[PDB]
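Beneath this line is the structure, given in structure tokens, with notes to follow.
Naming: A, B, ... by sequence-line order, numbering from 1 per chain. All ligand and atom numbering here is 1-based and tracks the order in the structure.
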Amino acid sequence: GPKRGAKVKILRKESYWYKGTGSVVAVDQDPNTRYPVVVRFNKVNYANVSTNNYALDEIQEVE
Amino acid sequence: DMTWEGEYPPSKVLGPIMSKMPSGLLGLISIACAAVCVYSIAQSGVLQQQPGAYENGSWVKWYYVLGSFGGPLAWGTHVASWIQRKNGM
Amino acid sequence: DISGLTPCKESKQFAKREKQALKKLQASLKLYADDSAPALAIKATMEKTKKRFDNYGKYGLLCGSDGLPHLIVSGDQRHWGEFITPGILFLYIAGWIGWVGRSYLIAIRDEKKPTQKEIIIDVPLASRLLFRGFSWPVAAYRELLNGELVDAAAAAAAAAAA
Amino acid sequence: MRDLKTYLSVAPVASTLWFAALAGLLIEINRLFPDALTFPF
Amino acid sequence: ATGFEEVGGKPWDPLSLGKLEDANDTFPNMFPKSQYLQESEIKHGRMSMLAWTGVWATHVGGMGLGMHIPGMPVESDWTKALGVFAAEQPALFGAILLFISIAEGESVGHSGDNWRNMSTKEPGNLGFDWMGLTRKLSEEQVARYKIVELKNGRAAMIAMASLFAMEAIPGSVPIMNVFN
Amino acid sequence: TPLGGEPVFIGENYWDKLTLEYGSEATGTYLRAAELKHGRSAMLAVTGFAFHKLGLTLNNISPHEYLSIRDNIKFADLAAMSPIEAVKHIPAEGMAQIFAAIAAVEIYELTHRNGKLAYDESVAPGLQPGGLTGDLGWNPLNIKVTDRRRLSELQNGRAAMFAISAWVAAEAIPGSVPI
Ligand code: CLA
Ligand code: CLA
Ligand code: CLA
Ligand code: CLA
Ligand code: CLA
Ligand code: CLA
Ligand SMILES: CC(=O)O[C@H]1CC(C)(C)C(=C=C/C(C)=C/C=C/C(C)=C/C=C/C=C(C)/C=C/C=C(\C)C(=O)C[C@@]23O[C@]2(C)C[C@@H](O)CC3(C)C)[C@](C)(O)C1
Ligand SMILES: CC(=O)O[C@H]1CC(C)(C)C(=C=C/C(C)=C/C=C/C(C)=C/C=C/C=C(C)/C=C/C=C(\C)C(=O)C[C@@]23O[C@]2(C)C[C@@H](O)CC3(C)C)[C@](C)(O)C1
């Protein structure tokens, strides 16, 4: 998976940032959380929101 | 069953009569069909040109029309021959 | 000629248009005294008008039965000055702008605030970029066969459908 | 006066200067070489 | 010996036309693969070596050749010599065109897709090694005569481009204004 | 520090004023190169003139005397109107051809540095300091390249130059000595 500060690609299809890149900020270590990973972005969506929570199978790592 | 994968389609697409047949016979038949179509068209053109043979649609002949219809047959046969050759037949 | 058109130097109706356009300005000229500003302005207008008809007569344009010039865009090389030669000219200037403007966005993208430099232009940087588009057909061609012109399919966001 | 220069670099000021220079570009060329329907000149 | 002796020993692809079809993902199979480009160059070369020699052997006077098969039509220039022959000899013209049509169709009918690197044949390999050459020669000579065929194909393609340009642009190639 | 001068007597004089004060060692090479070029040119010219005066032209020496091959330019007519008034009767086509060969040679002397042309450079190889030594390398069946050959060649060059200059002058106007 990612770590803090990793650059990932969103694989969720209904996300605003599908096929788009961005930076992991916090990964919740508690596995009861379904979407443990805070990923931040530099471009806003239609509701002017800059971040979102994701699962580990929904993000890809770029290098 | 019809859907196919790879470079060439299976023999079954040609039909029951065509699949059984060898590539060589099909190619020869296609060439014959092509020859018949061209000759018939040329003959029809000559008849159209000729005086006393073109009046009141007299130029049209049943056999020449059959050859003209046969041009499409020549194309199909050649395609079938290629498929047969591909299926090692 | 093409479409049953006649050249403008040999059109009887193109010549009548020239006369009636001059007659209209002469009948307006007669109401003024010869040294005054309205008489010098209309005299200069009839020179401009007379030079406009002379220019077309030798131009090599085609006229119709209406007496007006027509343009041929089949691709004939004999009527190139009508569409091809001003066409190649526009393509050079339009592709120059699009190329230069794109260079700017790509340049200020790698930055803290790219949006700041789109409302408030970095002019020294912009001025430099504007004149580098004089050889764009070579620069747009180097990036096509590099990989830096078009992005990959996994980099564009797409609507849920596809 | 580095703040007036940033004011002169804002997009609407640059747009009117650029257009003013470009409209007057076209007006001047149409003043010396008028009525150019095509290259014939 | 390498084919690159006149361009500096390196592959002459300015304008990168062989790298296209691989630079981008955006036209899926719309540009030719290396195998198809290699057969096109051999084929354009072989048609140009025959056609130059044809217009050179039938030119009468000048430097010229003026050689002429008895019974065929006397025509001065090569520009109209096809359509005169097509009208006057239908049976001979139809048999040549059928021979060209079958052999050119057989080139691709037994092998795979050429446009995509799926052919399973060497480019230029038509089954015409009747003399039994390359079965008697060694590998250094066989690889050499391929390059000989290539550059002579390339000299004739530029020749045919000169021969086209002199009749569309009357002052284009000046070495032929004089040569006639 | 140049090559051998006059054999009977030597004198460099006007050489240290440009290859030390005005120019340098690079100018020395250039000067020599120019000298050699001129020498060779003069030699060829001399031979041509000699042949023309003598009479050994196409009509006398071969089966072909029709140079124009369309402009009706025979060799007999060109051999009866001297040497200076014959070069002006040469057809434009021919002139173009000649200019071509010379141009090619000059370009080679400019691009092809050593064995092969240089694909990337700020300027041409011969346009740099010491770009053209004088020797093109053209030595077919080369008999020798010693220290005597060079000197001999140079001497024949200047002599040829003087000779042809004098010849031209005399055809044009009263010279001085006999021919
Ligand atoms: C309304 C119509 C219109 C027209 C006609 C133009 C026309 C032009 N625009 Mg503009 N523009 C327009 C609207 C228009 N624009 C609009 C609506 C916008 C959006 C706001 C723009 C945005 C814009 C930008 C950002 C730029 C332009 C630029 C240009 C110029 C590009 C071509 C050039 O620079 O000269 C042609 C120049 C050459 C052909 C030089 C050739 C190359 C040299 C090296 C050759 C040298 C030859 C030598 C000197 C000859 C002498 C030899 C001697 C013996 C005779 C051109 C004058 C560019 C510009 O101004 O250039 C700095 C530029 O950056 N435009
Ligand atoms: C006009 C006379 C002339 C001559 C003699 C040559 C000769 C040569 N050319 Mg050039 N060339 C010419 C004109 C000429 N060119 C013109 C007009 C053009 C177009 C502008 C070119 C364009 C060109 C290209 C693009 C290339 C060459 C190449 C070559 C060389 C072959 C490559 C090699 O490895 O050999 C090297 C030679 C040796 C190792 C042997 C050296 C021995 C010396 C003495 C050379 C032979 C004598 C000399 C060539 C004779 C000239 C004297 C003259 C009075 C006849 C060869 C030396 C290729 C090259 O050199 O680079 C790889 C090459 O790529 N030529
Ligand atoms: C490549 C094969 C081929 C083709 C295309 C032709 C075509 C033609 N021949 Mg010809 N011929 C051939 C082979 C061929 N022949 C052979 C092998 C011989 C024996 C040596 C002859 C002997 C011959 C004689 C003796 C005469 C002709 C004539 C003609 C013309 C017919 C009259 C007319 O106006 O056309 C009518 C229009 C058409 C033919 C076009 C119809 C095309 C349609 C769309 C169908 C496509 C054809 C077919 C299905 C495809 C062929 C496949 C092939 C590649 C295997 C025509 C141009 C006669 C003529 O008028 O001379 C000029 C004539 O007197 N030919
Ligand atoms: C679209 C029509 C079409 C199709 C699908 C085929 C298909 C085939 N032909 Mg065939 N052929 C055609 C037209 C066609 N042909 C025509 C018009 C002629 C000339 C009379 C021939 C002459 C011919 C010969 C002589 C041979 C084949 C052979 C073959 C087979 C494989 C090798 C090959 O394709 O090389 C042949 C390549 C071509 C003929 C290229 C020309 C293709 C046409 C003219 C282009 C038009 C297509 C266009 C995009 C359609 C637009 C759609 C609409 C707007 C109309 C294959 C089954 C070979 C065979 O039997 O297999 C071993 C063979 O030897 N063909
Ligand atoms: C264009 C041809 C040309 C060139 C470039 C040179 C160049 C050179 N010669 Mg030279 N030379 C020439 C023709 C030429 N010569 C002729 C025809 C003769 C026979 C008279 C000589 C006889 C000669 C001798 C005997 C020696 C040289 C030497 C030298 C070298 C040193 C002298 C110097 O600095 O330049 C000389 C000056 C110039 C080239 C200036 C150019 C002249 C001006 C611009 C115009 C003069 C026009 C003039 C009126 C023409 C009429 C002829 C004259 C005799 C009146 C130098 C490389 C010496 C050497 O190799 O080093 C020691 C040497 O020993 N030359
Ligand atoms: C007296 C005249 C003379 C002498 C001594 C030389 C000597 C030399 N030249 Mg040279 N050259 C000359 C005249 C001369 N040349 C002329 C007139 C030209 C212009 C066409 C050239 C063009 C030339 C080039 C282009 C190059 C040389 C080079 C060389 C050097 C070595 C290679 C070579 O060819 O040897 C030449 C060997 C001899 C001259 C001895 C043989 C005796 C001669 C051939 C008798 C000539 C008679 C007659 C003209 C031939 C026609 C036959 C007739 C009898 C029926 C050598 C120092 C090369 C160089 O500088 O590399 C270091 C070089 O690249 N020369
Ligand atoms: C024993 C053996 O091995 O044999 C070998 C021999 C040989 C030669 C080596 C081989 C080969 C190659 C072969 C056989 C190649 C054959 C190629 C072939 C035969 C290609 C035809 C195309 C026909 C077309 C396009 C028809 C168009 C027809 C059209 C477009 C029409 O619209 C016709 C029509 O409009 C008219 C004109 C007007 C109307 O009146 C009728 C209508 C409207 C319908 C083989 C395969 O290896 C086998
Ligand atoms: C200048 C001038 O005047 O000259 C004249 C004369 C000249 C040059 C002759 C002229 C001509 C006519 C020409 C060029 C005619 C060309 C005809 C042509 C090109 C005819 C191909 C047939 C191919 C066949 C039958 C292939 C069979 C292929 C076979 C049988 C195989 O199975 C091959 C096999 O390979 C595998 C797959 C693997 C190998 O392990 C084993 C083998 C090898 C067995 C001109 C144009 O008129 C000019």
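- A heavy-atom distance below 4.5 Å is not found between the side chains of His59(E) and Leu65(E).
- Contacts of ligand 8 (protein heavy-atom distance under 4.0 Å) are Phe99(E), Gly127(E), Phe128(E).
- Using a 4.5 Å heavy-atom threshold, the side chains of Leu5(C) and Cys63(C) count as separate.
- Looking only at protein heavy atoms, the nearest one to atom 36 (C) of ligand 4 is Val108(E) CG1, 4.8 Å.
- Electrostatic pairing of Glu39(E) and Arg46(E) does not count as a salt bridge here, judged by no charged N lying under 4.0 Å from a carboxylate O.
- Protein non-hydrogen atoms do not reach within 4.0 Å of atom 34 (O) of ligand 4.
- Aromatic ring centroids of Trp59(B) and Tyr54(B) lie 6.0 Å or more apart.
- Between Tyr8(B) and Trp82(B), the closest side-chain pair of non-hydrogen atoms falls below 4.5 Å.
- In this structure, the side chains of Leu62(C) and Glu82(C) stay at 4.5 Å or more apart for every pair of heavy atoms.
- Put simply, atom 42 (C) of ligand 4 has no protein non-hydrogen atoms near it, under 4.0 Å away.
- Taking a cut-off of under 4.0 Å to the non-hydrogen atoms of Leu98(E), the atoms of ligand 3 that pass are 1 (C), 17 (C), 55 (C).
- Between the side chains of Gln141(E) and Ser138(E), at least one donor N or O sits under 3.5 Å from an acceptor N or O.
- Put simply, atom 18 (C) of ligand 4 has no protein non-hydrogen atoms near it, under 4.0 Å away.
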Using the side-chain contact (heavy atoms from CB on, under 4.5 Å) rule, take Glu104(E) and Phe99(E) through it: C-alpha gap first, then chi angles, then the decisive distance, then the call.
CA-CA 8 Å; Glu104(E) 182 67 25; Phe99(E) 181 77; over 6 Å; no

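- Protein heavy atoms come within 4.0 Å of atom 12 (C) of ligand 3.
- Atoms of ligand 3 found under 4.0 Å from any heavy atom of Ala91(E), numbered from 1 in the order shown, are 20 (C), 22 (C).
- Within 6.0 Å of CH2 on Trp56(E) lie no more than 12 heavy atoms contributed by other residues, nucleotides or ligands.
- For atom 45 (C) of ligand 3, the nearest non-hydrogen atom of the protein is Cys37(B) SG, 4.0 Å.
- Using cut-offs of 30° and 60° for the angle between ring planes, the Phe27(E) and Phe31(E) rings count as perpendicular.
- Protein heavy atom at the shortest distance from atom 48 (C) of ligand 3 is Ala34(B) CB, 3.9 Å.
- Between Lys12(B) and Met2(B) there is a side-chain heavy-atom pair separated by less than 4.5 Å.
- Taking a 4.0 Å cut-off on heavy atoms, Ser81(B) fails to register as neighbouring ligand 4.
- Scored by the salt bridge (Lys or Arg N to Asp or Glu O under 4.0 Å) test, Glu148(C) finds no partners at all (sequence neighbours excluded).
- Distance remark: protein heavy atom present below 4.0 angstrom from atom 31 (C) of ligand 4.
- Counting protein heavy atoms only, atom 15 (N) of ligand 3 is closest to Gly94(E) CA, 4.4 Å.
- Within the 4.0 Å heavy-atom criterion, the part of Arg85(B) lying near ligand 4 is the side chain and not the backbone.
- For atom 7 (C) of ligand 4, the nearest protein heavy atom is under 4.0 Å away.
- Here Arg85(B) pairs with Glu106(E) in a salt bridge; the nearest charged N to carboxylate O distance falls below 4.0 Å.
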List the steps and the verdict of side-chain hydrogen bond (donor to acceptor under 3.5 Å, both in side chains) for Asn72(F) and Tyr66(F).
CA-CA 7 Å; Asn72(F) 228 64; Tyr66(F) 243 108; 2.9 Å; yes

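- Closer than 4.0 Å to atom 3 (C) of ligand 4 lies at least one heavy atom of the protein.
- Numbered from 1 in the order shown, with element, the atoms of ligand 3 that lie under 4.0 Å from a heavy atom of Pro90(E) read 26 (C), 27 (C), 61 (O), 62 (C), 63 (C), 65 (N).
- Remark: minimum distance from atom 47 (C) of ligand 3 to any protein heavy atom is reached at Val38(B) CG2, 3.6 Å.
- Here the heavy atom of the protein found nearest to atom 25 (C) of ligand 4 is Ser101(E) O, 3.4 Å.
- We find that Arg102(C) and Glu143(C) are joined by a salt bridge, their nearest charged nitrogen and carboxylate oxygen being less than 4.0 Å apart.
- Ring geometry for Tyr92(C) against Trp96(C) counts as perpendicular: the plane angle is over 60°, on a 0 to 90° scale with 30° as the lower cut.
- For ligand 4, the atoms sitting less than 4.0 Å from at least one non-hydrogen atom of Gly109(E) are 62 (C), numbered in the order shown with element in parentheses.
- For atom 27 (C) of ligand 4, a protein heavy-atom neighbour is present inside the 4.0 Å cut-off.
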Would you sort out whether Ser162(E) and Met176(E) count as a side-chain contact (heavy atoms from CB on, under 4.5 Å), showing the intermediate values?
CA-CA 9 Å; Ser162(E) 297; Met176(E) 296 297 293; 5.8 Å; no

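- Of all protein N/O/S atoms, those under 2.8 Å from atom 10 (Mg) of ligand 4 are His78(B) NE2, and waters are not counted.
- Ligand 3 places these atoms under 4.0 Å from at least one heavy atom of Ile41(B): 36 (C), 37 (C), 41 (C).
- Note on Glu122(E) versus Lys146(E): salt bridge recorded, some NZ/NE/NH1/NH2 to OD/OE distance being below 4.0 Å.
- Not a single side-chain hydrogen bond (donor to acceptor under 3.5 Å, both in side chains) links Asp13(E) to another residue, sequence neighbours left out.
- Of all the atoms in ligand 3, the ones that sit under 4.0 Å from a non-hydrogen atom of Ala42(B) are 31 (C), 32 (C).
- In terms of protein heavy atoms, atom 5 (C) of ligand 3 is closest to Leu97(E) CD2, 4.4 Å.
- The presence of a protein heavy atom under 4.0 Å from atom 55 (C) of ligand 4 is ruled out.
- Proximity of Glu88(E) to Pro73(E): side-chain heavy atoms (C-beta onward) are separated by under 4.5 Å at one or more points.
- Once rounded to the nearest 0.5 Å, the distance linking CD1 of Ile102(E) with CD1 of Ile31(B) reads 5.0 Å.
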